[PDB]
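**Q** Sequence, then the experimental structure. Questions to follow.
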Amino acid sequence: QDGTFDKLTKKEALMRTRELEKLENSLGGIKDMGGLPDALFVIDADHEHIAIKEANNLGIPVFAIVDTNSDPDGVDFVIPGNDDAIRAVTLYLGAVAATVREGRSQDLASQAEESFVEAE
Amino acid sequence: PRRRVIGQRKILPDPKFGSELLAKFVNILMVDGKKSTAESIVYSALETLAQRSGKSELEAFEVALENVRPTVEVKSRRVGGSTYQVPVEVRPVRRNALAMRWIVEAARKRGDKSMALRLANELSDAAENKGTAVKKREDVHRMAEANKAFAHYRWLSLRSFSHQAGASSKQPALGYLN
Amino acid sequence: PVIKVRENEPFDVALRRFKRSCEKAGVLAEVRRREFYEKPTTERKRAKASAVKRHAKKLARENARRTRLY
Amino acid sequence: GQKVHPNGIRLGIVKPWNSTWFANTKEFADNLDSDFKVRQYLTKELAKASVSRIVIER
Amino acid sequence: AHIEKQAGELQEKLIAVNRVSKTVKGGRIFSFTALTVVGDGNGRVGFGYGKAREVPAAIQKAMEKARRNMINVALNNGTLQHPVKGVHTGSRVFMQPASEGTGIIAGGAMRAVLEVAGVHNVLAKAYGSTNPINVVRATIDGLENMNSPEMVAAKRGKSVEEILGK
Amino acid sequence: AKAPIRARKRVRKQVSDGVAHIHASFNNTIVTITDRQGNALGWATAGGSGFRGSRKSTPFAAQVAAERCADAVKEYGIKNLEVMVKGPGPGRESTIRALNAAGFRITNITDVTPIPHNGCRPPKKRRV
Amino acid sequence: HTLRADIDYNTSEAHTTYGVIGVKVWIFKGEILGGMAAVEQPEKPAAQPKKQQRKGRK
RNA sequence: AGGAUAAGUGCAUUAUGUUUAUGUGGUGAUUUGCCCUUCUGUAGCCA
RNA sequence: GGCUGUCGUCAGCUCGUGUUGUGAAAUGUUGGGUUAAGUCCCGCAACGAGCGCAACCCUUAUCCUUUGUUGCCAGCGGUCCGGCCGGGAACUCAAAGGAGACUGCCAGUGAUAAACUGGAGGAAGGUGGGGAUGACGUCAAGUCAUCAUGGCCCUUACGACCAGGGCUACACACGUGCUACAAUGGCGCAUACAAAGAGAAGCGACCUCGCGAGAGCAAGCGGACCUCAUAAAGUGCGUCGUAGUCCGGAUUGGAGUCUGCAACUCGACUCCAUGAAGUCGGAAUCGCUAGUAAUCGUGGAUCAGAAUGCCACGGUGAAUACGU
RNA sequence: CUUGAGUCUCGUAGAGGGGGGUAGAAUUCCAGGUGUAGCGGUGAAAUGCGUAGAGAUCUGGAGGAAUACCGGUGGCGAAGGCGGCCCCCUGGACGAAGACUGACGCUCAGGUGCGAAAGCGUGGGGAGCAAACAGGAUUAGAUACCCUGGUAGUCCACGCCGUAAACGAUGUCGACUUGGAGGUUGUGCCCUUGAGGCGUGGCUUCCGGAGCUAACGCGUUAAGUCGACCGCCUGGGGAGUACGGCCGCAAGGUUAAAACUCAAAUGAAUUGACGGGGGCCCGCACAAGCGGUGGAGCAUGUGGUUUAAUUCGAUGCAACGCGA
């Protein structure tokens, strides 16, 4: 991004850049974050089999949104719903709800004293 | 095979000409690698046509190079069932080069006293639709115009295509489904 | 099979590739089959079997969009 | 087990060698046999310690 | 990159070794496959099949896989409190209660698998497939049919298991 | 496999119109022109210049058969045409196009393809 | 397929009681580290206190 | 005049996708098959 | 043991490790689209990294750039008008820093997309032209005969000094390549321009001898200085008609030469007279994308003596690449 | 008693059984009319049929198997078994309300009864196809492969011992265990809104959970959880034969074994290779061409063949202008 990636064959550099961008876009989750997450948020089941597959292998509790082509068994917490769009994926998992917002008022006496701003 | 389409290259001009139809005529007239003789073989031929008629030097040349010249070619394909053919339309560049090649093979065995007389007489002879490659142009185009009624392994291809999205008609194909 | 009536967007040749479905549908659609009274249920009559491949072909159209190959 | 020619066909084209000397003409043969001999006999004399590369130069 | 379970004691039970072939497609490479068992002294479900270029790198791979996706499990005294017949995938093995006065009685690599499992005094006959790769499931399936002691009276014995969650 | 094109040579009818009967199979075509009173003014077939194998039933041997028979019925002084079709066999379309290109009308392309009830046993001496 | 920087190679040959053993040891230090580098000038302008012999300019 | 659902313009070889001769038996890659843990223990085998 | 050929530039293979199955083992390392490419868009248990490939690399192409001889010459002198030399630096020119060109742009194509093709200025556009350049590895593949080497044999020999004979015979078949069968060529006469390199027991101007090749002597040389060298085909004009000719010139008689006492079979080159096979060759069958292919000469490696080859160079220099 | 089962009327689905009735059209034939040379067969092919007039076509008669498409993963029968459509005689199943009986139940050694098909006695019948038998095609042949004529046979009915892949592949029958949906059907409800949904049963099939398998696979019709009661197995080959009892005109059928041989035989699945099953891809490997070896002669290597010996190494691609 500074421009410091130049080579006398521009093709070898711009082609590494396109593929670097795909890494940035794919990894952007764990990229800026301090280590393995304390929950794993799987929105889809239908094609993203792997995200659930690895969560069971690391033992990390699962927070799941299941559709009518997926079972609610074998994951620890569910929203009954559908996998697409904003119909179940941030309609309870945002500031409009009260239940993702009363959990967070219980963080304010355990590891912090104030942290409620950060989160939706 | 082939990972990509690849076209023709640049061809350089010759020390006696700046016209292309002349430079491409000397080129496939080239044998032993030595064009610098073929320059003269083209210009000595063209003067003899020009004495036969003075309206042009090009009189017999331009229609011989149309008349002995094909338009279509037929390949033979079969991997099962029965024997079939697939006609293709080909490029002007190869239509022209079959025709010029056949003019220079036919004229060099024509056995007259100068290569200049031999070529002016063999273009004069094909110009009037009665030379030696009129037969070759007529047979080859007949076979490609005729085998348009066939396609590679037709009998299984007719069921195979409509199952995997395709047409219910009868069509030629490049070694695949129809 | 050419059919008496004409196809949609019509021309002066009648053809069966546009408005036939029941003609020679078991009369000559057969290959060397002999006189039988129960063998067709598993030899000949493969409608359950053949429906699956077609279903699979309709299934793959959704799934290419869903991976965003388009 | 094809064993591509692992270094010989790779030298002198910004890749140094274990000899650097100049000779030409017909005496190149008299200088190379002499260079083999000095390579063979000299490293045997300093064999008391282990040794990592050898370079002989004229 | 995973959590692992440990025992305060060493197990390096190598049970099998194999080689991978494709025979024309890149011909045949020198690679080996290996199966290695990691107990605890009282048992684990720890079984690991892994593969690499050479035998040492191969076993150490396989020893790693014997302690990830696996947990230890436990049984009091050198006997089992149930006469049950453990079956895993045609390799079927038997147990009946016994004394401490007998220890192991078994051969090959099986005497080494049973010692860490805690089911070596109760060791009764195996049947079906009893070649090395599957015979060794004693400490897996034979500890999933498990019984283990927790009562003070035999007539409180079924009552005591009910109140463990009620 | 062609009827007389030359005049006076055989009995003429000269009724301006006829019907053609096409028997289409995977091994041959028989194209036979008849009078509207029901009498043969000429025929041809697809082995009329020696097609054999698969090539004997294909659109191009079906076409030249239609072109041999259509020629002759101009000396029987016919000018208009009707067609009966019998089989889902190949060249069944190339044959229609050939009658109409021979300089006849082909407005009524009447399917009357017969139905066997499968009263016979077909030849088998094999696995299929 | 490397052809830039020296990289170190040895073929051992030796016998013991049962017959001959051998190791072919290729070791790779660097792809521009080690060896010579390509010279970065002509030798023609440099270190020349008098830019002529005559050249027609006197 | 019901051969008039006009093809429900839902349609595509329509349910065996087939056939023109064959050629012996075994054979490559190791003699430490060894480099993860206290106590309850392990690969020739040990804390 | 060392070493190397194959698949193939296949477009994939492997190293560490997780996972799914009881496992053998897969997965990745497989699909679609794209490529020299594990390159790049999409995407499933593959993640991280290396190999093949890309790169650094030497070379060319204009062009910038410096040296200015053993290189060059626009004007100028000696002058037969030759850089031989007084002299000059515009100039190629040699070897090297390199510049320029990146599939970067634009347009079409392509699933958005890598990238292919077209488009353009320019010396030059297809990852600029050329070359380097080829994975793990089965194949009991081939060398114990470069060389290494045990088990294991001779050591008056499975060692070693000396002469002569033979592979290269000739019956033919077979691999490869050479030059012809034509006239795009040969001939006659007249006429032209190279690049590169080899020469310290050597070659080598002049010399005298020689039909030519060469010979012995020798200034000289270190090869941009001197010599191989008249480079040939090609070019100019005229000529030739499928007739073995106006192509080809083998055999053979007979003379002259080289390294060496010693050229007969086994060696090589020059030259005089006559003169045959061969009309573009069947089954079979390969190489080639442009300095290539074709074709003509040249030098060199080798090298006691000598080339039709190979290896590299320069002359003259092509058709087309739809399609699998 | 009903919580098991049995039974009446009412309704409904279907090729169950036994016996009757009936139409159109391809192959095949005859006749007459019209009309001329191939027709047939197949991978491609020949044998075959045909000028004594074939093939095809109009009109009209002949004849027997056969009956599409609807027809489906449907449904029926005791399992195998049942297929044009309809009725008569009658079975067995599927639903619903009124009504009744009230363990009348479960399994089954022995047992009697009972056939897809051909085999097979007699009667009916024969258009096409066919073992055999001939002949073609294929090839080391050619009995397999493939075709053509051509007979018993096929085709009908009963009858004689009932053979088999004679099956919810899974004994019999029943109770219990998250469903959803397909095929198709009683019936309540719907815009009756398309083989649909919901309510409540039906056989019958896809899909997958608890549980099960070695794998495929099963999963409310189990291969789950089980129940009672009967059948059957103890490595393979040799053997579903021998041997014994029995039935059968008659070939046969039926349960079901060893010496001997032998370390296996056998269920499943991975990857390579491979399809001649389906489909995808690449190298100047072809093509698009051009030239070259193979033919001449020569150069040079190989073998053949030869002598005292004409030395080996190497044998398409991976030997032969290569070690050498």
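**A** Cool, got the structure. Numbering: from 1, shown residues only, chains lettered A, B, ... in the order given.

**Q** Does the most centrally placed residue in chain F belong to a helix, a strand or coil?
**A** In chain F, the C-alpha nearest the mean C-alpha coordinate belongs to residue F:31, at 1.2 Å (C-alpha atoms, centre = their mean). Per DSSP: H, G, I helix; E, B strand; the rest coil, the local secondary structure of residue F:31 is strand.

**Q** now swap in residue B:145 and tell me
**A** Once three-state DSSP is applied, residue B:145 turns out helix.

**Q** Quick check: closest non-adjacent residue to it.
**A** residue B:72 (6.1 Å; C-beta to C-beta, 6 or more residues apart in numbering or on different chains). C-beta coordinates here come from the backbone N, C-alpha and C atoms, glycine included.

**Q** what about the closest residue to chain F within chain A, distance to RNA strand I?
**A** At 42.1 Å from chain F, residue A:69 is the closest residue in chain A, using C-beta to the nearest C-beta. Distance of residue A:69 to RNA strand I, computed by C-beta to the nearest atom of the strand, to the nearest Å: 15 Å.

**Q** Could you find the closest non-adjacent residue to that residue?
**A** Here the residue nearest residue A:69, using C-beta to C-beta, 6+ apart, is residue A:46, at 6.3 Å.

**Q** which residues touch the one you found?
**A** A:67, A:69, A:70, A:83, C:66 (C-beta atoms under 8 Å, 6 or more residues apart in numbering or on different chains).

**Q** what's the answer for residue E:63, then?
**A** Neighbouring residues of residue E:63 by C-beta under 8 Å, 6+ apart: E:12, E:36, E:38, E:48.

**Q** Give me the secondary structure label for it.
**A** Classified using three-state DSSP, residue E:63 is helix.

**Q** how about the helices in the chain?
**A** Answering for chain A, as no chain was given. A:10-31, A:49-57 (DSSP state H).

**Q** that's the wrong chain, I meant chain F
**A** F:59-72, F:94-101.

**Q** Got phi/psi on the closest residue to residue E:17 other than its chain neighbours?
**A** In this structure, residue E:17 finds its nearest non-sequential neighbour in residue E:34, 5.3 Å apart by C-beta to C-beta, 6+ apart. Recorded main-chain torsions at residue E:34 are phi -150, psi 150, according to degrees, to the nearest 10.

**Q** hmm, back to that, dump the helices of chain A to CSV, plus distance to RNA strand H and mean neighbour count.
**A** Converted to CSV, those look like this (distance: least, C-beta to the nearest atom of the strand, whole Å; neighbours: other C-beta atoms under 10 Å in any protein chain shown):
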stretch, distance to RNA strand H, mean neighbour count
helix A:10-31, 27, 10
helix A:49-57, 19, 13
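
**Q** Out of these, flag the one nearest chain B.
**A** With respect to chain B, and counting by C-beta to the nearest C-beta, the nearest of the helices of chain A is helix A:10-31 at 16.3 Å.

**Q** Burial check on residue F:9, number of neighbours?
**A** Residue F:9 has 10 neighbours, counted by other C-beta atoms under 10 Å in any protein chain shown.

**Q** Let me fix that, I meant to ask about residue C:9.
**A** Using other C-beta under 10 Å, residue C:9 has 6 neighbouring residues.
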